[PDB]
Structure formats: C-alpha cells, structure tokens
Amino acid sequence: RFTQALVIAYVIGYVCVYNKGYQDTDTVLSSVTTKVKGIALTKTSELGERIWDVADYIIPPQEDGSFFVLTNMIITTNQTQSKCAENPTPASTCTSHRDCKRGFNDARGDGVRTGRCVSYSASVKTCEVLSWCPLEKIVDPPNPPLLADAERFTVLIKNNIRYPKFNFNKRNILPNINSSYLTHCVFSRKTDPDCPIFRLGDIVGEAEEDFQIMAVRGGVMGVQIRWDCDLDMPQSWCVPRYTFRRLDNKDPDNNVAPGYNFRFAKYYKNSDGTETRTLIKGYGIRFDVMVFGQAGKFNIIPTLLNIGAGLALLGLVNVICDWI
Amino acid sequence: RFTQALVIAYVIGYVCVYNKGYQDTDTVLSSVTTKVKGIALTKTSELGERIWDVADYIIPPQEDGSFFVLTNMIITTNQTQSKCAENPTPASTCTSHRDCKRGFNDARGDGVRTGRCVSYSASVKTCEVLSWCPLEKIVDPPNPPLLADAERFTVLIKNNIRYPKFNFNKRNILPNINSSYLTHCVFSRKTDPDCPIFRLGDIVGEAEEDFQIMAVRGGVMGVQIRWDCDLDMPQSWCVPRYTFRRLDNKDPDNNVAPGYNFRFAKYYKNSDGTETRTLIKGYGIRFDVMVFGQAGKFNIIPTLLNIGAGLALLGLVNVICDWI
Amino acid sequence: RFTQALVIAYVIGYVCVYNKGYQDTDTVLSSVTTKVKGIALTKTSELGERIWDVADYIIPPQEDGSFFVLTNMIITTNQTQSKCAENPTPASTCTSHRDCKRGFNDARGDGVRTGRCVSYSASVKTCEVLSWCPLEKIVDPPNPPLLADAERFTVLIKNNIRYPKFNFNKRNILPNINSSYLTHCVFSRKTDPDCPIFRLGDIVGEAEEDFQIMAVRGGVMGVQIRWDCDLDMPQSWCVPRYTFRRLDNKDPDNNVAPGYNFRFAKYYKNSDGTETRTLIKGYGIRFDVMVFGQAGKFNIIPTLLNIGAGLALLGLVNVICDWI
Ligand SMILES: *[C@@H]1O[C@H](CO)[C@@H](O[C@@H]2O[C@H](CO)[C@@H](O[C@@H]3O[C@H](CO[C@H]4O[C@H](CO)[C@@H](O)[C@H](O)[C@@H]4O)[C@@H](O)[C@H](O[C@H]4O[C@H](CO)[C@@H](O)[C@H](O[C@H]5O[C@H](CO)[C@@H](O)[C@H](O)[C@@H]5O)[C@@H]4O)[C@@H]3O)[C@H](O)[C@H]2NC(C)=O)[C@H](O)[C@H]1NC(C)=O
Ligand SMILES: *[C@@H]1O[C@H](CO)[C@@H](O[C@@H]2O[C@H](CO)[C@@H](O[C@@H]3O[C@H](CO[C@H]4O[C@H](CO)[C@@H](O)[C@H](O)[C@@H]4O)[C@@H](O)[C@H](O[C@H]4O[C@H](CO)[C@@H](O)[C@H](O[C@H]5O[C@H](CO)[C@@H](O)[C@H](O)[C@@H]5O)[C@@H]4O)[C@@H]3O)[C@H](O)[C@H]2NC(C)=O)[C@H](O)[C@H]1NC(C)=O
Ligand SMILES: *[C@@H]1O[C@H](CO)[C@@H](O[C@@H]2O[C@H](CO)[C@@H](O[C@@H]3O[C@H](CO[C@H]4O[C@H](CO)[C@@H](O)[C@H](O)[C@@H]4O)[C@@H](O)[C@H](O[C@H]4O[C@H](CO)[C@@H](O)[C@H](O[C@H]5O[C@H](CO)[C@@H](O)[C@H](O)[C@@H]5O)[C@@H]4O)[C@@H]3O)[C@H](O)[C@H]2NC(C)=O)[C@H](O)[C@H]1NC(C)=O
Ligand SMILES: Nc1ccn([C@@H]2O[C@H](COP(=O)(O)OP(=O)(O)OP(=O)(O)O)[C@@H](O)[C@H]2O)c(=O)n1
Ligand SMILES: Nc1ccn([C@@H]2O[C@H](COP(=O)(O)OP(=O)(O)OP(=O)(O)O)[C@@H](O)[C@H]2O)c(=O)n1
Ligand SMILES: Nc1ccn([C@@H]2O[C@H](COP(=O)(O)OP(=O)(O)OP(=O)(O)O)[C@@H](O)[C@H]2O)c(=O)n1
Ligand SMILES: *[C@@H]1O[C@H](CO)[C@@H](O)[C@H](O)[C@H]1NC(C)=O
Ligand SMILES: *[C@@H]1O[C@H](CO)[C@@H](O)[C@H](O)[C@H]1NC(C)=O
Ligand SMILES: *[C@@H]1O[C@H](CO)[C@@H](O)[C@H](O)[C@H]1NC(C)=O
C-alpha cells in the first residue's frame, strides 16, 4: 500500500520523469575545425630575435579534432650527412678504434659506426658515427620555456553537430553571435561564455594546471564539448558546454617520461647543393577536442513501453509481499 | 485470443524475424587508407603558370581515415623576419610613435611592436611590428577558386573490415574487381558501383552541394562506408554501401566563420643564408571517412532466450485482460 | 527442484559471480603519445651513403594515437615546373601533335598537355605535358626495401588512462618502472613485459607477419592496449595488455592494390631562385594504437537489482513447469 504508492511514484517519478523514459534518444554526430592565432617572441644564442607565428608553431598545420602547439624547443642547426663523435655514454665511449665495430648501429646510438674511436672532448673519446652532424646537444629543455608567449595565443574551436533522428543541426557558433563579436571576443565564463575563441592559458588554467610549467616539458590537454539536449525544450537551449581537463600526467609523483615532445626537421639545399637540415626537438601541448552528447525528444512509444514495464514491477511488489 | 494471436505473431514476426533476434550480433572493426590523384593548373600574378600535384595539395600527406584537399589559396611569398607596418585596423592605426608601445604583442596583431608609428600608405599610418614581412594582404579568397581543377581529382578509398566474432575479413576492393579495372574505373551508381575510386566532384555533388562554390571558402565532407551484413546470407552480400554528406555548414543563413582554412609555410635559405618563407592561407575540403556496420549470424542461444522473453509477454496479455 | 537448484545456482554462479553483476561498470578514457627511435642506412644510385633518422622517416612527425614509419621509397629528385614527355601508356602514346589536345588534363595523366607529340624514347612518342619534371620513373619498389633497418627501430608507447566513475588514473608506465629501465629496456613477453618500448620487428612478428616482406609495399599494423580491471582487486593488477594484429590485407590471395604508400615532397629554391622539388613515393607501415577497457567495482545497487531480476526467472521456472 505504501509499498504500492512507493513503486508507483517510482515508475512515474524515477523512470518516467527523472530518467526521461518518455523520450526517444539519439547521440551526437560531430565535426570540429580549429584555428590558433598569435605570435611568440624568442631571443636565443644565436638566432637573433625571432618570431613564431601559426605556421611556425602548429605541427602539422591541420589535424582532425586535435591541435598541437609548440612550447619549448632544443634546436640543432646546420646538420649535414657526415661523420662525428657520438655523444658520450657507457654505450658510446671508447679507448681504442677496436671498441667501435664498423657498421654497428643500435637504436639508441647517434648513428652508424665508422668505426673509429675519435675525440669527443679533451678528456673523453667516443665512437665516430655517420649521422646528421653536429649531433643535438644533451641538455634539459629551457626553463622558462622559449615559447612562453604561447600562453596568450587564442584558438577558435568551430563545431558542427547533428542529430540524425531529429533532423537537428547546430553549430557552436550560436545564432546570438556574429562576425564582429569574433573579431574581438575571447571566451570567459563570466562575460563571454558564447565566444568560441579560447585563450590557451585559460584552457590549461581552468583545468587547474600552470601553462608556464607545462610548456617546459609539454603535455596533453583535453577539451570536452558536451551537447546534451532536451528537444522538447526550445532549440535555444541545446547549447554546448565546455569543460577542460589535463589528459597526461597520471602518476604526478613520477619524474619518469614526463610531458610530450617530438623531433622534426626543416631541409635546405646549400650553395654546393648538398642537403643541410635543421632539427628541432619540440615540446608542446597537444589539444584534444572531444565532442559528446545525447538528445531526447518526446515519443509515445517508449512512454507506453516504459509504463508497461513499470506496472510489471509495481504489482509484483504486492505479489512478493505474500510470495516469499 | 486475437490479443494472443497478435502478440504471438509479434514475438515471431516482430522480434524473431523482423528484428533478427535469432542472431548473434558483432560490430565492425575498420581501417582505411586513401590516395588522391590529379593535377590542377593555375595562372596568377605572378607565379607564372603553375601545376599542383598530389604532393602539393594534400596537407599533411597522410592522415588516419581523413584527407584534406587544397582548393583555394592566398599566397604571400618572400617573407623574412624583419620590420613592417601592421595592416590598418582600429587596433593597428596610429598618429604618433607614442601610440605604439614597444614589445606590445596581442593575439590579433600582425607581430611585436617596435614600437614606431610608420606609414602604411600615403593616407594611413600604423604601428611598426617585428614579423614575417611582408604581411599577408587582406583580401577575399579568389572566386572562382584557384584550384577549381580539383573537382576532377580522384580518390581511392581502400577499406579493410573485420568481424572478430565471426572470424570474418573483407576489403572494399571486392573479389569481382582486379587491377586493370582500377587502372580505369571511377565510381558511379549506374555503371561502376564497385569501383572504389571516386571523383571529388561526384562526392560533393551527390551530397547535393556545388564543388565550385565550396572550393572558395572550403568545407568538411563526410564519406560514410556502411557494412551491415547478414552472414546467414552468402558472403557475396556483405558489401559496403557509400553515402556522402556535407559535415560543416549547420546554419547556412550564416555568413559567420564560413568554411575551412589554415595557414602553412614553406621555408628556404636564400643566398645570404637567411631564412625566407612562403606563407599560404589555404582553403580546402577535409574529407572524413567514417566506417560503421553490424553483422548478425544465426545462433540458437539468443533465439531461445528471445522466445523465452516472448512468452512472458504473450501470456501476460491474457493475464492483464483480467488483472486490471 | 533440480530445476530450481539449477536456475538458483545460475543467478548466483552465472550472473552474480561469473558475469560480475555485483559490479558497477565504467569504460576507459585514454590518451596515447608515441616516439620512434633509430637510424636506417641506405646506399643507392646515387644519393651516396645516406642516413634516415626519426625526423626523416616519421610522416607527419606527430599524429594522435597513430604513427607512420617509412620503409621503402621511390625518389625522384631535381623536379621543376617545366615540360616533359608523359610516361608511355595507351592513354599517353602518340604519333602526331594532333593526338595531343593542348590543355587536356585527365586525372591519370602526368600533367597538362602542351600539346605536342614528343619523343619519349628512340622507339616511342608521347604527349608533352607541363608538370613537375622529370617524371617519377615507373618501377616496382625495391626488394629488399631501402629502409629495411627500420625493423630494428623502437617505439615508446606512452598511455594515460582514466576511469571517471572510480576516480581512477593510471599510466602504462608502471610504478615498478623508472627512468634507467627506459634507458635500456625493450619489450619482451618473457624478460621485459613491463617495458613500454617495442621493437617494430617484434610487433609485426608477434602478429605473425614478416617485417622485411611488409616493408616492401607497406601496410597497416594495429596495436591494441586493453585495460580491463577489477578494482575490487588491488590497484596492482589493472595493468594494460598488449596484442598486435595486422589491419590491412583482408583477401591475401589478392595482388590488387596491396600495402600502403603515399607521395610527399621536399621543396628548395635553387640558384636562380626557381623552385625545385624532390618527390618521394613512400611505402611504410602505419601503426594504429587502439585502447580499450572496462573497470568493474563493487556496488550494492546492481547486486540487489540483479538478484531481484534473478528470482523473477528462478520462480518462473517452477511456474512454467505447470503453466504449459
Ligand atoms: C553580435 O553578437 C554579440 C554577442 O551576442 C552582441 O553583443 C551583445 O549585445 C547586447 C546589446 O546589443 C549586450 O546586451 C547587454 O545589455 C546590458 C543592458 O543594456 C541596456 O543598456 C541601455 C543603456 O542605454 C538600456 O537602455 C537598456 O536597459 C539596455 O538593455 C548591458 O549592461 C550589457 O553590458 C555588459 O553585459 C554583460 C555583463 O554582464 C557582458 O556580456 C557584456 O560584455 C560585452 O562588452 C564588453 C565590452 O563592453 C566585452 O568585454 C565583451 O566581449 C562583450 O562584448 C557587457 O560587459 C550589454 O550591453 C550583450 O552584452 C552583448 N553580448 C556580448 C557578450 O557582447 C552584439 O549585439 C551583436 N552585434 C550586432 C551587430 O548585432
Ligand atoms: C576485372 O574486373 C572488372 C569489374 O568487375 C570486370 O569487368 C566486368 O566484366 C564483365 C564481362 O567480362 C562485364 O559484363 C557485362 O556483360 C554484359 C553482357 O555481356 C554479354 O556480351 C556478349 C557479346 O558477345 C554475349 O555473348 C553475352 O551475353 C555476354 O554475357 C555487357 O552488356 C556489359 O556491358 C556494360 O555492362 C554494364 C552496364 O549495365 C556496365 O557495368 C559495363 O561498364 C563497363 O564498361 C564501360 C566501358 O565499356 C566502362 O565505363 C566501365 O568502367 C566498365 O568497365 C558496360 O557498360 C558487360 O560486358 C561487366 O560489365 C564488367 N564490369 C565492369 C563494371 O566493368 C573484368 O572482367 C575483370 N577483368 C578480368 C581480366 O577478369
Ligand atoms: C627500475 O625498474 C626496473 C624494472 O622494474 C627494476 O628492475 C628490477 O629489479 C629487480 C631487482 O632490483 C629484479 O629482480 C630479479 O631478482 C631475481 C632474484 O634476485 C635475487 O638475487 C640475489 C643475489 O644476490 C639474491 O640474494 C636474492 O634472491 C635476490 O632476490 C634475479 O634472478 C632477476 O634476474 C632476472 O630476472 C628476470 C628473469 O626472469 C628478468 O626480468 C631480469 O631481466 C633484467 O635483466 C636483464 C639484464 O640483466 C635485462 O635484459 C632486462 O632488461 C632486465 O633489466 C633478469 O634477467 C632479477 O634480478 C627484476 O628483474 C628487475 N626487473 C627488470 C625486468 O629489470 C630496477 O630495480 C629499478 N631500478 C631502481 C633504481 O630501482
Ligand atoms: N623509442 C624510444 C623512445 C624513448 N626512449 C627513451 O625513453 C625515455 C623517456 O622517453 P621521453 O620522455 O620521450 O625521452 P626524452 O626525455 O624526450 O629523451 P630522448 O631525446 O632520448 O627521446 C628516454 O630515456 C628516451 O631516451 C627510447 O630509448 N626508445
Ligand atoms: N584564434 C582565432 C581564430 C579566429 N579568429 C577570428 O575568427 C573569425 C572567423 O574565423 P575564420 O573563418 O577562420 O577567419 P578567417 O576569415 O579565415 O580570417 P583570419 O585570417 O583572421 O583567420 C575571424 O574574424 C578571425 O580573424 C580570431 O580572432 N582568433
Ligand atoms: N586516385 C587514384 C588512386 C589510385 N589509382 C590507381 O589504383 C590502383 C591501385 O592503387 P595503389 O596501390 O595505391 O597504386 P600504386 O601501385 O601505388 O600506383 P600509383 O603510383 O599510380 O598510385 C593503381 O593502378 C593506381 O594507379 C587511381 O587510378 N586513382
Ligand atoms: C655549417 O656547417 C659547416 C661545416 O659543415 C660549418 O663550417 C659552419 O659552422 C656552418 N655554417 C653556418 C651557416 O654557420
Ligand atoms: C625578397 O625580399 C626582398 C627584400 O627582403 C625584396 O628586395 C625582393 O622583392 C624579394 N625578392 C624576390 C625574389 O622577389
Ligand atoms: C637539375 O635539373 C637540371 C635541368 O633542369 C639538370 O641540368 C640537372 O641534371 C639537375 N641538377 C642536378 C643537381 O643534378
């Protein structure tokens, strides 16, 4: 009786009202494109004073729902295919030419051995390798990071979503928005929530991380765009909701393999027409854009069905009162 | 009685026959690779007459189940790290050197201020910035699009699918197909449905869009490959089905942030051995290849189970006739 | 009675114990980054002796949960925008200048026709096209593959997973691992299962494929990282499990469109400051990193619920004994 009343207020309140069992349900199809904007300034020894724009710091220039911003670098310039001393390690160091077998090439060595034992320094000797030479120096990445200015960059996240079942199509560039707004706006929770242009700093900040620490060794940042919509409500809700979360760094007590980095090169022909190359070991933050969402709308079918499934339990309450 | 007959013809006709409840069900594992083929010809002022092949128009040259074809460009050549006037805006324009604070660098400005107010034109003056100079001119992208010839390009979409539960493996390159066929064929609904090489024009066309309009500002095109298979039927069905849909452009009344474009650069060392750079703001169509599918096959287990679940409702019909 | 005992030992043994119906269930959120390491050596006619490092063989240098390693190439150097004979085909060959309509450009031709019929050889004549010239020669890719040394490369697969429902975060770089270990280790089943650095050779090998065959025409390799965890057990299990599978090559009887390859270019300005280009048709193996997993943990709610659903069937056994 109070059991009846409980499970009857349950198959209406819980499952019909609260769990939206009067609704058909579809899940989102999404597409995103991104654009980063900004300049960073570096002074190092020696490129002189250097500026990095979007075509300098986004590697590759286009990905599907992901973007990588360069933050720190170690740059080795004027490399050519030639011979040089390996960088000194237990594995590399040597006393005589005998220590170095010609042709020996192991995954963690600087190249293919000549092999000759040659001076790496005044003090140390090392196997001579055929490689892109000079080798990249062995150093920690700059702190503060070279590309620190990246914190002030902005990224337009453009997102088209569709809900096939409902013939529903929307963009995260909302109808109350227009071109001029995008000429100025930068997303803020308080004053500009509808601006789909985010300061990178703000993204990692809102995830409770510090851009200028992260930009040293790099990392991975998630951007979740959630479109959860009641289409029984007007089409004016069904707006996306952004949340930001740092994706790497699972056991932060660890100094083991921190951050994100990769090597890439730029190639040139010099005077003689022999390839010379610039190698960059870049650190940066990969930004993963992930889109989710579910749209309900009223249909009688799952309502009836859910009610039918509801009475089956609601009566079996009073049935199991006796049936034990 | 007619209620019985109705819900009994239901647990056979609806759920056992029509809804394939006699079947185990697995979902597809897929892998795709793509290849674009074609040349486009441009004449502009002034590169001279120029040809663009696959290595020119596909950025980057390889992605996982996505490919981007360049369609329109704005090209700024001979850039060097140097000083120049910002492009004139409310934000950039100035009267005195005082208007420009040295070092000021905002995300939407052309570079880092010197700062000096310098002539942009006869009429206007603008903050001098340290940047890649000259700056990209401010213009609309060419209509007709530079790379219009891209409409005639072809793309081989190669797709390997597998169904783990059924030990089932197939390719969208069908057994009735062979090498010569691929030497000539281009996919058509009527004469060549089994040719997995598609004219780009035909893809966007079949989605009811116009290539030569889209190629102006760019866009995103979906290609859905659906493998839905009854493996009780011979392995000769279980063929993929292609449908094409334009992914961006949710509220087409909008002039706000239309299409798809990105900036990318090519780098050179000049005589003096100082980096000079070509910058392209490219527009194009990203093609997203999306693969789905479900394979059923006969198993007794879910058949029995579904029947058992069927009688429970079929009898409870006659039970709720009285039980109200 | 033995029916009762059977279906009661079933709703405990099968569904409560074996199917873990006492458990809440969440599925994995994952992020991966990768790093390839190694040098390959080539001798060909004629680049001289050549070394390929990570920045040479990984195209593009960064992808999201995928990496492509170059294995074989066909390299055409010193290309310029200029006129040359098309490569001889039924489509290309000709007798008179009339055979070649100026401006004719079809997707499978080498360029835009001048059109002039010009000597391709002593024996054959072919339409002159405006193209990047000389054209890439028509040949099979080298066997053995140029980049065979790639078999010995290593790849660090770094994987961060999270389970939102359980506030659970882990990395595939396990707590019992540290920096030095990564300085030396290479994953083996027997001696080094916890080393997340894999020899490429071993990956394709363990999938029962032969690296030096695959590296000729290229291919697609899957790497599945499965995190399936009982969090009722200590956090010390909940380790990932790696399995490797070749993704392409569905109907291996086929010589039709085998492997994986793409064209890409490197651009240079020569003396005169006219663009010259190197074109590579590269073959290689794309490595797809795919992460899955499910975590259960004890909650009373689905336990009670499952038991309630269990008695409904357990009694209806004895009910349908009579009710037929
Ligand atoms: C293009 O799209 C834009 C974004 O949707 C539009 O901007 C929006 O425009 C409306 C008005 O056009 C803004 O409305 C607000 O109204 C409040 C009260 O206004 C009242 O003032 C009158 C005085 O004469 C009075 O008679 C009436 O009562 C009238 O209604 C204002 O107080 C309010 O100002 C502030 O409001 C928010 C703070 O809570 C904040 O969102 C606003 O931020 C905006 O301005 C600052 C700079 O001024 C920037 O930092 C932001 O980037 C942003 O532009 C502001 O601080 C405001 O006037 C509404 O705020 C505004 N939305 C935003 C966020 O801009 C444009 O109208 C569209 N343009 C065209 C051509 O249609
Ligand atoms: C490699 O793989 C290819 C694709 O599967 C194969 O091509 C297929 O080959 C068969 C025959 O080998 C084609 O069969 C069709 O048969 C019809 C009737 O043929 C009859 O003709 C005889 C006359 O002597 C008669 O005795 C018999 O009755 C015999 O059966 C033909 O009418 C038909 O022609 C048209 O059929 C379709 C139109 O509805 C259309 O698909 C065809 O398109 C093809 O041809 C045009 C150019 O001619 C191209 O635009 C297309 O690209 C395509 O090649 C054609 O218009 C046809 O002969 C079957 O059509 C064909 N499939 C396709 C699509 O090519 C090759 O046989 C394989 N090669 C090898 C070495 O095995
Ligand atoms: C950083 O992280 C590393 C990986 O977790 C750690 O390495 C691990 O360290 C422990 C010991 O520190 C290794 O433990 C094993 O213990 C066995 C028995 O040891 C016994 O020997 C004593 C003799 O005085 C005796 O008193 C005690 O009974 C003592 O317990 C050893 O037999 C065993 O050797 C072999 O064990 C495995 C074979 O079944 C195999 O995994 C090992 O491989 C390792 O060594 C070879 C080269 O020697 C390499 O090819 C591998 O790459 C690997 O390094 C070995 O063959 C071993 O000592 C445990 O094996 C080891 N794990 C691995 C895989 O290295 C480091 O300790 C951490 N470093 C720091 C600073 O903490
Ligand atoms: N294929 C690979 C990739 C990584 N490493 C090693 O794995 C450890 C951590 O990876 P990572 O953080 O990426 O190394 P880095 O600090 O960037 O150093 P390295 O320049 O050697 O990659 C390093 O000792 C690195 O040398 C390796 O030996 N084999
Ligand atoms: N990080 C970004 C990216 C975009 N934009 C602005 O967002 C608007 C629309 O984006 P998009 O269509 O990509 O701009 P474009 O027409 O290509 O112009 P722009 O060259 O400035 O990117 C433009 O006013 C653009 O300048 C911005 O201010 N901040
Ligand atoms: N857009 C495309 C892509 C592929 N092909 C043709 O499809 C067949 C097989 O594809 P693939 O294995 O990638 O060709 P390749 O052997 O690499 O030859 P090609 O250099 O012509 O691409 C070849 O005859 C290729 O020329 C084509 O005509 N149109
Ligand atoms: C480039 O390398 C050469 C030797 O290969 C060396 O002499 C010189 O330092 C480098 N040139 C420049 C531009 O510094
Ligand atoms: C490149 O820039 C210089 C000045 O930096 C200018 O004199 C010239 O127009 C450019 N050279 C070419 C190739 O046009
Ligand atoms: C580059 O091409 C020119 C003609 O365009 C040719 O003379 C020469 O073989 C090439 N130069 C080199 C570096 O071999």
# chains A, B, ... in the order shown; residues from 1 in each chain; ligands from 1
$ residues_near_ligand --ligand "ligand 9" --cutoff "9 Å" --atoms "only C-alpha atoms and all ligand atoms" --output "list in words"
residues 273 and 274 of chain A; 77, 78, 79, 80, 82, 133, 134 and 276 of chain C
$ interface_residues --of "chain B" --to "chain C" --cutoff "9 Å" --atoms "only C-alpha atoms" --output "ChimeraX atom specification"
/B:30-35,37-41,49-56,58,60-64,152-154,158-162,169-171,173,175,177-179,182-184,266-271
$ select_by_dssp --residues "segment 152-214 of chain A" --states "strand (DSSP E)" --output "list in words"
residues 154, 155, 156, 157, 158, 159, 160, 161, 162, 163, 168, 169, 170, 171, 197, 198 and 199 of chain A
$ write_last_selection --atoms "C-alpha atoms" --output "mmCIF file, in the first residue's frame"
data_model
loop_
_atom_site.group_PDB
_atom_site.id
_atom_site.type_symbol
_atom_site.label_atom_id
_atom_site.label_comp_id
_atom_site.auth_asym_id
_atom_site.auth_seq_id
_atom_site.Cartn_x
_atom_site.Cartn_y
_atom_site.Cartn_z
ATOM 1 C CA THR A 154 43.889 32.046 -28.930
ATOM 2 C CA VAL A 155 42.118 29.131 -30.566
ATOM 3 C CA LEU A 156 38.818 29.253 -32.415
ATOM 4 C CA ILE A 157 37.061 25.926 -31.939
ATOM 5 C CA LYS A 158 34.399 25.540 -34.637
ATOM 6 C CA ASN A 159 31.967 22.696 -34.073
ATOM 7 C CA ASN A 160 29.151 21.371 -36.212
ATOM 8 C CA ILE A 161 26.820 18.867 -34.602
ATOM 9 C CA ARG A 162 23.875 16.940 -35.981
ATOM 10 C CA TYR A 163 21.209 14.651 -34.554
ATOM 11 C CA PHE A 168 18.612 18.570 -35.910
ATOM 12 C CA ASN A 169 21.636 20.653 -36.950
ATOM 13 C CA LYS A 170 23.525 23.243 -34.940
ATOM 14 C CA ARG A 171 26.914 24.927 -34.716
ATOM 15 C CA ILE A 197 37.656 31.554 -29.064
ATOM 16 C CA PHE A 198 39.694 30.442 -26.094
ATOM 17 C CA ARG A 199 42.936 31.731 -24.609
#
$ residues_near_ligand --ligand "ligand 2" --cutoff "8 Å" --atoms "only C-alpha atoms and all ligand atoms" --output "PyMOL selection string"
chain B and resi 176-181+184-186+190-195
$ select_by_dssp --residues "segment 172-291 of chain A" --states "helix (DSSP H, G or I)" --output "count of residues only"
20
$ residues_around --residues "residue 95 of chain B" --least-positions-apart "3" --cutoff "7 Å" --atoms "only C-alpha atoms" --output "tab-separated table (two decimals) with N, CA and C atoms, in the first residue's frame"
chain	number	residue	atom	x	y	z
B	99	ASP	N	51.66	56.07	-29.79
B	99	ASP	CA	50.55	55.14	-29.90
B	99	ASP	C	50.99	53.68	-29.84
B	117	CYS	N	55.49	54.55	-35.08
B	117	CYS	CA	54.35	54.70	-35.96
B	117	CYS	C	54.97	54.96	-37.33
B	125	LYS	N	48.76	55.68	-41.25
B	125	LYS	CA	49.94	55.26	-40.51
B	125	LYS	C	49.58	54.17	-39.50
$ atom_distance --atom1 "atom CA of residue 282 of chain C" --atom2 "atom CA of residue 70 of chain C"
6.4 Å
$ closest_residue --among "A:212, A:45, A:318, A:224" --to "residue 8 of chain A" --atoms "only C-alpha atoms"
A:318
$ atom_distance --atom1 "atom CA of residue 245 of chain C" --atom2 "atom CA of residue 208 of chain C"
8.3 Å
$ residues_around --residues "residue 151 of chain B" --least-positions-apart "4" --cutoff "9 Å" --atoms "only C-alpha atoms" --output "list in words"
residues 71, 147, 199, 200, 201, 202, 211, 212 and 215 of chain B
$ residues_around --residues "residue 101 of chain B" --least-positions-apart "5" --cutoff "10 Å" --atoms "only C-alpha atoms" --output "list in words"
residues 112, 113, 114, 115, 116, 117 and 127 of chain B
$ atom_distance --atom1 "atom 4 (C, counted along the ligand's line) of ligand 4" --atom2 "atom CA of residue 196 of chain C"
9.1 Å
